[PDB]
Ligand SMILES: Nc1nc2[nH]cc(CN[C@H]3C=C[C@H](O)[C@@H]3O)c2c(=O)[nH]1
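The chain below stands alone and is given in C-alpha coordinates; this is the form solved without the named molecule.
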(Lines give C-alpha, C1' and ligand atoms only; values in the text may rest on other atoms or scores of the structure.)
Protein backbone atom coordinates (compact mmCIF):
# COMPACT_ATOMS: atom_id res chain seq x y z
CA UNK A 1 0.00 0.00 0.00
CA UNK A 2 1.22 3.47 -0.92
CA UNK A 3 1.24 6.34 1.60
CA UNK A 4 -2.19 7.86 2.13
CA UNK A 5 -2.82 11.58 1.65
CA UNK A 6 -5.91 11.76 3.90
CA UNK A 7 -5.88 11.38 7.68
CA UNK A 8 -9.22 10.60 9.32
CA UNK A 9 -9.61 12.91 12.33
CA UNK A 10 -13.19 12.25 13.45
CA UNK A 11 -16.35 10.47 12.30
CA UNK A 12 -20.06 10.78 13.00
CA UNK A 13 -21.35 7.81 14.98
CA UNK A 14 -24.80 7.74 13.33
CA UNK A 15 -24.04 8.80 9.75
CA UNK A 16 -21.16 8.59 7.27
CA UNK A 17 -19.89 12.13 7.86
CA UNK A 18 -16.09 12.35 7.99
CA UNK A 19 -13.72 15.05 9.22
CA UNK A 20 -10.13 14.80 8.05
CA UNK A 21 -7.17 16.59 6.50
CA UNK A 22 -5.25 16.15 3.25
CA UNK A 23 -1.44 16.11 3.25
CA UNK A 24 -0.54 17.88 0.00
CA UNK A 25 2.79 19.34 -1.18
CA UNK A 26 1.66 22.96 -0.69
CA UNK A 27 0.19 22.47 2.79
CA UNK A 28 -2.53 20.64 4.70
CA UNK A 29 -6.20 21.03 3.77
CA UNK A 30 -9.02 20.52 6.26
CA UNK A 31 -11.86 18.33 4.96
CA UNK A 32 -14.78 18.47 4.22
CA UNK A 33 -13.79 21.36 1.93
CA UNK A 34 -15.37 23.35 -0.89
CA UNK A 35 -12.90 24.33 -3.61
CA UNK A 36 -13.76 27.50 -5.56
CA UNK A 37 -12.90 27.79 -9.23
CA UNK A 38 -9.81 30.00 -9.20
CA UNK A 39 -10.15 31.51 -12.67
CA UNK A 40 -13.81 32.42 -12.15
CA UNK A 41 -12.70 34.46 -9.13
CA UNK A 42 -9.63 35.97 -10.83
CA UNK A 43 -11.65 37.19 -13.81
CA UNK A 44 -13.84 39.12 -11.33
CA UNK A 45 -10.97 40.97 -9.64
CA UNK A 46 -10.56 38.59 -6.69
CA UNK A 47 -6.87 38.38 -5.79
CA UNK A 48 -4.73 35.72 -4.14
CA UNK A 49 -4.58 37.78 -0.93
CA UNK A 50 -8.37 38.08 -0.69
CA UNK A 51 -8.81 34.34 -1.24
CA UNK A 52 -6.03 33.54 1.25
CA UNK A 53 -7.62 35.86 3.83
CA UNK A 54 -10.91 33.94 3.58
CA UNK A 55 -9.01 30.82 4.68
CA UNK A 56 -9.02 29.06 1.30
CA UNK A 57 -6.19 26.52 1.03
CA UNK A 58 -7.12 24.79 -2.25
CA UNK A 59 -8.93 25.82 -5.43
CA UNK A 60 -9.39 24.63 -9.01
CA UNK A 61 -7.23 25.77 -11.91
CA UNK A 62 -7.93 25.69 -15.65
CA UNK A 63 3.99 26.55 -13.49
CA UNK A 64 0.40 27.36 -12.60
CA UNK A 65 1.21 28.32 -9.00
CA UNK A 66 3.51 31.10 -10.20
CA UNK A 67 1.19 32.25 -12.99
CA UNK A 68 -1.52 32.82 -10.38
CA UNK A 69 0.90 33.77 -7.57
CA UNK A 70 -0.73 31.23 -5.25
CA UNK A 71 1.09 29.74 -2.23
CA UNK A 72 -1.45 26.97 -1.52
CA UNK A 73 -2.76 23.90 -3.34
CA UNK A 74 -4.34 23.57 -6.79
CA UNK A 75 -6.55 20.94 -8.42
CA UNK A 76 -6.70 20.71 -12.21
CA UNK A 77 -9.02 18.65 -14.40
CA UNK A 78 -8.07 16.83 -17.59
CA UNK A 79 -9.62 19.38 -19.97
CA UNK A 80 -11.89 16.94 -21.80
CA UNK A 81 -15.32 18.18 -20.73
CA UNK A 82 -14.41 21.73 -21.80
CA UNK A 83 -12.85 21.13 -25.23
CA UNK A 84 -15.60 17.22 -31.84
CA UNK A 85 -15.39 13.42 -31.90
CA UNK A 86 -14.04 10.86 -29.43
CA UNK A 87 -12.26 7.62 -30.33
CA UNK A 88 -10.06 5.23 -28.37
CA UNK A 89 -7.00 7.38 -29.12
CA UNK A 90 -8.42 10.40 -27.28
CA UNK A 91 -10.55 13.49 -27.86
CA UNK A 92 -10.43 14.97 -31.37
CA UNK A 93 -11.13 18.68 -31.78
CA UNK A 94 -10.20 21.78 -33.78
CA UNK A 95 -7.64 23.98 -32.04
CA UNK A 96 -8.76 27.41 -30.74
CA UNK A 97 -5.88 29.03 -32.63
CA UNK A 98 -4.35 27.26 -35.63
CA UNK A 99 -7.81 25.81 -36.34
CA UNK A 100 -6.34 22.42 -37.28
CA UNK A 101 -7.36 18.99 -36.03
CA UNK A 102 -5.85 18.21 -32.62
CA UNK A 103 -5.78 15.19 -30.30
CA UNK A 104 -5.96 15.12 -26.50
CA UNK A 105 -4.96 11.61 -25.42
CA UNK A 106 -4.77 10.28 -21.84
CA UNK A 107 -0.98 10.51 -22.11
CA UNK A 108 -1.17 14.11 -23.34
CA UNK A 109 -3.61 15.14 -20.60
CA UNK A 110 -1.26 13.79 -17.92
CA UNK A 111 1.75 15.45 -19.56
CA UNK A 112 -0.02 18.83 -19.57
CA UNK A 113 -1.00 18.49 -15.91
CA UNK A 114 2.54 17.40 -14.98
CA UNK A 115 3.90 20.67 -16.39
CA UNK A 116 1.31 22.78 -14.56
CA UNK A 117 2.59 21.45 -11.24
CA UNK A 118 -0.78 21.17 -9.50
CA UNK A 119 -1.13 19.03 -6.38
CA UNK A 120 -4.14 16.96 -7.50
CA UNK A 121 -4.71 15.93 -11.12
CA UNK A 122 -7.76 14.34 -12.73
CA UNK A 123 -7.73 11.47 -15.21
CA UNK A 124 -9.04 11.94 -18.73
CA UNK A 125 -12.49 10.39 -19.13
CA UNK A 126 -14.99 9.96 -21.95
CA UNK A 127 -18.29 11.68 -21.13
CA UNK A 128 -21.24 11.40 -23.50
CA UNK A 129 -24.24 13.70 -23.90
CA UNK A 130 -28.63 7.47 -24.22
CA UNK A 131 -28.21 4.12 -25.95
CA UNK A 132 -25.56 1.42 -25.51
CA UNK A 133 -22.80 3.97 -26.19
CA UNK A 134 -22.96 5.01 -22.52
CA UNK A 135 -21.61 1.66 -21.31
CA UNK A 136 -18.88 1.80 -23.97
CA UNK A 137 -17.72 5.19 -22.68
CA UNK A 138 -17.57 3.77 -19.15
CA UNK A 139 -15.30 0.90 -20.20
CA UNK A 140 -13.18 3.34 -22.22
CA UNK A 141 -12.88 5.55 -19.13
CA UNK A 142 -11.43 2.59 -17.22
CA UNK A 143 -8.91 1.86 -19.98
CA UNK A 144 -8.05 5.57 -20.10
CA UNK A 145 -7.41 5.51 -16.34
CA UNK A 146 -4.74 2.81 -16.71
CA UNK A 147 -3.03 4.81 -19.45
CA UNK A 148 -3.05 7.91 -17.23
CA UNK A 149 -1.51 5.92 -14.36
CA UNK A 150 1.26 4.59 -16.62
CA UNK A 151 1.96 8.07 -18.02
CA UNK A 152 2.06 9.74 -14.59
CA UNK A 153 5.75 9.60 -13.62
CA UNK A 154 5.60 11.62 -10.39
CA UNK A 155 3.29 9.97 -7.80
CA UNK A 156 5.25 11.65 -4.97
CA UNK A 157 4.69 15.17 -6.34
CA UNK A 158 1.17 14.99 -7.81
CA UNK A 159 -1.92 12.97 -6.90
CA UNK A 160 -3.95 11.37 -9.69
CA UNK A 161 -7.68 10.92 -9.07
CA UNK A 162 -9.96 8.52 -10.90
CA UNK A 163 -13.46 9.61 -11.95
CA UNK A 164 -16.37 7.25 -11.32
CA UNK A 165 -18.70 7.01 -14.32
CA UNK A 166 -22.20 5.66 -14.93
CA UNK A 167 -24.43 8.72 -14.63
CA UNK A 168 -27.81 7.77 -13.18
CA UNK A 169 -27.54 4.08 -14.16
CA UNK A 170 -27.16 2.05 -10.96
CA UNK A 171 -25.88 -1.02 -12.82
CA UNK A 172 -23.34 0.92 -14.89
CA UNK A 173 -21.98 2.92 -11.94
CA UNK A 174 -21.71 -0.30 -9.92
CA UNK A 175 -19.54 -1.85 -12.65
CA UNK A 176 -17.36 1.27 -12.78
CA UNK A 177 -17.05 1.33 -8.97
CA UNK A 178 -15.94 -2.31 -8.91
CA UNK A 179 -13.37 -1.82 -11.68
CA UNK A 180 -11.74 1.49 -10.72
CA UNK A 181 -11.41 0.46 -7.06
CA UNK A 182 -8.85 -2.19 -8.07
CA UNK A 183 -6.40 0.57 -9.08
CA UNK A 184 -4.19 2.10 -6.38
CA UNK A 185 -4.79 5.82 -6.93
CA UNK A 186 -4.58 8.31 -4.03
CA UNK A 187 -8.19 9.45 -4.48
CA UNK A 188 -11.49 9.03 -6.29
CA UNK A 189 -13.89 11.55 -7.81
CA UNK A 190 -17.62 11.11 -8.48
CA UNK A 191 -18.64 12.42 -11.90
CA UNK A 192 -21.90 12.75 -13.78
CA UNK A 193 -24.07 14.06 -10.93
CA UNK A 194 -24.00 17.83 -11.59
CA UNK A 195 -27.11 19.81 -12.48
CA UNK A 196 -29.46 16.85 -12.54
CA UNK A 197 -33.22 17.31 -12.43
CA UNK A 198 -34.18 14.34 -10.22
CA UNK A 199 -32.88 15.08 -6.72
CA UNK A 200 -34.07 11.64 -5.59
CA UNK A 201 -31.86 9.88 -8.15
CA UNK A 202 -29.02 12.29 -7.35
CA UNK A 203 -28.57 11.37 -3.69
CA UNK A 204 -29.12 7.65 -4.33
CA UNK A 205 -26.23 7.70 -6.80
CA UNK A 206 -24.02 9.51 -4.27
CA UNK A 207 -24.85 6.93 -1.58
CA UNK A 208 -24.09 4.10 -4.02
CA UNK A 209 -20.67 5.57 -4.81
CA UNK A 210 -19.59 6.22 -1.21
CA UNK A 211 -20.67 2.72 -0.14
CA UNK A 212 -18.06 1.19 -2.47
CA UNK A 213 -15.24 3.76 -2.41
CA UNK A 214 -12.33 3.18 0.00
CA UNK A 215 -12.78 4.61 3.48
CA UNK A 216 -9.12 5.68 3.74
CA UNK A 217 -9.17 7.76 0.54
CA UNK A 218 -10.88 11.06 -0.32
CA UNK A 219 -14.25 11.28 -2.07
CA UNK A 220 -14.45 14.28 -4.42
CA UNK A 221 -17.95 15.13 -5.65
CA UNK A 222 -17.85 17.26 -8.79
CA UNK A 223 -20.29 20.03 -9.69
CA UNK A 224 -22.16 20.40 -6.38
CA UNK A 225 -22.51 23.72 -4.58
CA UNK A 226 -26.06 24.11 -3.29
CA UNK A 227 -26.08 24.44 0.49
CA UNK A 228 -28.47 21.57 1.25
CA UNK A 229 -26.64 19.39 -1.28
CA UNK A 230 -23.33 19.99 0.52
CA UNK A 231 -24.70 19.12 3.97
CA UNK A 232 -26.54 16.00 2.79
CA UNK A 233 -23.59 14.76 0.72
CA UNK A 234 -21.25 15.20 3.69
CA UNK A 235 -23.64 12.96 5.64
CA UNK A 236 -23.32 10.38 2.84
CA UNK A 237 -19.51 10.31 3.02
CA UNK A 238 -18.15 12.97 0.63
CA UNK A 239 -15.02 14.96 1.47
CA UNK A 240 -14.37 17.39 -1.41
CA UNK A 241 -16.62 19.61 -3.52
CA UNK A 242 -16.40 22.12 -6.35
CA UNK A 243 -18.94 24.19 -8.27
CA UNK A 244 -19.42 27.53 -10.00
CA UNK A 245 -22.47 28.01 -7.76
CA UNK A 246 -21.02 30.95 -5.74
CA UNK A 247 -19.82 32.57 -8.97
CA UNK A 248 -23.07 31.89 -10.84
CA UNK A 249 -25.17 33.11 -7.90
CA UNK A 250 -23.31 36.44 -7.93
CA UNK A 251 -23.91 36.93 -11.67
CA UNK A 252 -27.65 37.04 -10.86
CA UNK A 253 -27.28 39.63 -8.09
CA UNK A 254 -27.95 37.12 -5.30
CA UNK A 255 -26.09 36.77 -2.00
CA UNK A 256 -25.93 33.43 -0.18
CA UNK A 257 -27.58 33.48 3.26
CA UNK A 258 -28.60 30.82 5.80
CA UNK A 259 -32.22 31.01 4.52
CA UNK A 260 -31.37 30.67 0.83
CA UNK A 261 -30.29 33.78 -1.05
CA UNK A 262 -31.09 37.49 -1.12
CA UNK A 263 -32.22 38.75 -4.54
CA UNK A 264 -30.57 42.15 -4.17
CA UNK A 265 -31.99 43.47 -7.45
CA UNK A 266 -35.39 43.61 -5.72
CA UNK A 267 -36.69 47.03 -4.70
CA UNK A 268 -37.17 45.89 -1.09
CA UNK A 269 -33.41 46.33 -0.52
CA UNK A 270 -33.03 49.84 -1.99
CA UNK A 271 -33.35 51.35 1.51
CA UNK A 272 -32.07 48.39 3.57
CA UNK A 273 -28.93 49.75 5.25
CA UNK A 274 -27.77 46.51 6.90
CA UNK A 275 -25.04 44.15 5.67
CA UNK A 276 -25.84 40.99 3.74
CA UNK A 277 -25.28 39.06 6.97
CA UNK A 278 -24.50 40.71 10.34
CA UNK A 279 -22.67 37.54 11.46
CA UNK A 280 -20.52 37.14 8.33
CA UNK A 281 -16.92 38.38 8.73
CA UNK A 282 -16.21 38.70 5.02
CA UNK A 283 -14.89 42.02 3.64
CA UNK A 284 -18.08 42.74 1.68
CA UNK A 285 -20.16 42.60 4.87
CA UNK A 286 -17.74 45.03 6.56
CA UNK A 287 -17.96 47.76 3.90
CA UNK A 288 -21.19 47.26 1.89
CA UNK A 289 -24.84 47.46 2.86
CA UNK A 290 -27.64 45.78 0.91
CA UNK A 291 -28.77 49.20 -0.32
CA UNK A 292 -25.33 49.98 -1.73
CA UNK A 293 -25.08 46.61 -3.50
CA UNK A 294 -28.62 47.11 -4.81
CA UNK A 295 -27.57 50.48 -6.24
CA UNK A 296 -24.38 49.06 -7.77
CA UNK A 297 -26.32 46.20 -9.40
CA UNK A 298 -28.28 48.75 -11.47
CA UNK A 299 -25.47 51.10 -12.58
CA UNK A 300 -22.01 49.65 -11.90
CA UNK A 301 -22.85 45.97 -12.30
CA UNK A 302 -19.24 44.82 -12.70
CA UNK A 303 -18.26 46.21 -9.29
CA UNK A 304 -21.23 44.53 -7.58
CA UNK A 305 -20.29 41.13 -9.03
CA UNK A 306 -16.86 41.46 -7.41
CA UNK A 307 -18.21 42.09 -3.91
CA UNK A 308 -21.02 39.52 -4.16
CA UNK A 309 -18.52 36.86 -5.26
CA UNK A 310 -16.24 37.61 -2.30
CA UNK A 311 -19.19 37.05 0.04
CA UNK A 312 -20.62 34.02 -1.76
CA UNK A 313 -17.24 32.27 -1.73
CA UNK A 314 -16.87 33.17 1.95
CA UNK A 315 -20.27 31.62 2.69
CA UNK A 316 -19.16 28.33 1.11
CA UNK A 317 -15.96 28.21 3.17
CA UNK A 318 -17.80 29.14 6.37
CA UNK A 319 -20.53 26.54 5.77
CA UNK A 320 -18.12 23.60 5.57
CA UNK A 321 -15.99 24.94 8.42
CA UNK A 322 -19.13 24.81 10.58
CA UNK A 323 -19.95 21.35 9.19
CA UNK A 324 -16.44 20.14 10.01
CA UNK A 325 -16.53 21.63 13.51
CA UNK A 326 -19.81 19.88 14.35
CA UNK A 327 -18.23 16.56 13.35
CA UNK A 328 -15.24 17.23 15.61
CA UNK A 329 -17.68 18.19 18.39
CA UNK A 330 -19.57 14.89 17.85
CA UNK A 331 -22.83 16.76 17.22
CA UNK A 332 -23.39 16.55 13.45
CA UNK A 333 -27.02 15.31 13.53
CA UNK A 334 -27.93 18.33 15.68
CA UNK A 335 -26.13 20.62 13.22
CA UNK A 336 -28.15 19.20 10.32
CA UNK A 337 -31.43 19.58 12.21
CA UNK A 338 -30.62 23.24 12.92
CA UNK A 339 -29.47 23.81 9.33
CA UNK A 340 -32.66 22.38 7.82
CA UNK A 341 -34.79 24.30 10.33
CA UNK A 342 -33.14 27.61 9.44
CA UNK A 343 -33.12 26.96 5.68
CA UNK A 344 -36.69 25.71 5.20
CA UNK A 345 -38.59 26.41 8.42
CA UNK A 346 -39.92 23.04 9.57
CA UNK A 347 -39.66 19.33 8.79
CA UNK A 348 -42.93 19.53 6.84
CA UNK A 349 -41.39 22.11 4.47
CA UNK A 350 -38.04 20.42 3.82
CA UNK A 351 -37.54 18.91 0.34
CA UNK A 352 -38.55 15.25 0.43
CA UNK A 353 -35.32 14.08 -1.22
CA UNK A 354 -33.19 15.47 1.61
CA UNK A 355 -35.45 14.07 4.34
CA UNK A 356 -35.20 10.59 2.79
CA UNK A 357 -31.44 10.87 2.19
CA UNK A 358 -30.72 12.02 5.75
CA UNK A 359 -32.95 9.25 7.11
CA UNK A 360 -30.90 6.69 5.16
CA UNK A 361 -27.95 7.53 7.44
CA UNK A 362 -30.01 7.85 10.62
CA UNK A 363 -30.45 11.63 10.83
CA UNK A 364 -34.12 12.30 11.56
CA UNK A 365 -35.83 15.68 11.26
CA UNK A 366 -39.20 14.49 12.61
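Heads up, when I say rigid core I mean the largest set of C-alphas that superpose within 1.5 Å between the two forms. Residue numbers count along the first chain shown, from 1.
Quick note: we don't show the form solved in complex with the named molecule, though the next part is all about it.
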ask   = Among 206-214, 193-201, 225-233, 257-265, which stretch has residues whose heavy atoms lie within 4.5 Å of the named molecule in the bound PDB entry?
value = 193-201
request  = Find out whether any non-hydrogen atom of residue 81 is located within 4.5 angstroms of the named molecule in the bound PDB entry, and reply yes or no.
outcome  = yes
task = May I ask you to state whether residue 125 is within 4.5 Å of the named molecule in the bound PDB entry, using heavy atom distances?
result = yes
key: Partner contact for residue 129 in the bound PDB entry: the named molecule, 4.5 angstroms, heavy atom   = yes
task = Report whether the minimum heavy atom distance between residue 163 and the named molecule in the bound PDB entry is within 4.5 Å.
result = yes
task = State which of the options 89, 197, 156, 279 undergoes a Cα shift of 2 Å or more between this form and the one not shown, taking the core as fixed.
result = 197
ask   = By 3 Å or more, the Cα spacing of residue 197 and residue 136 differs in the bound PDB entry; is it closer or farther than in this view?
value = closer
task = Please say whether the CA atoms of residue 263 and residue 195 come closer or move farther apart in the bound PDB entry, knowing the change relative to this form is 3 Å or more.
result = farther
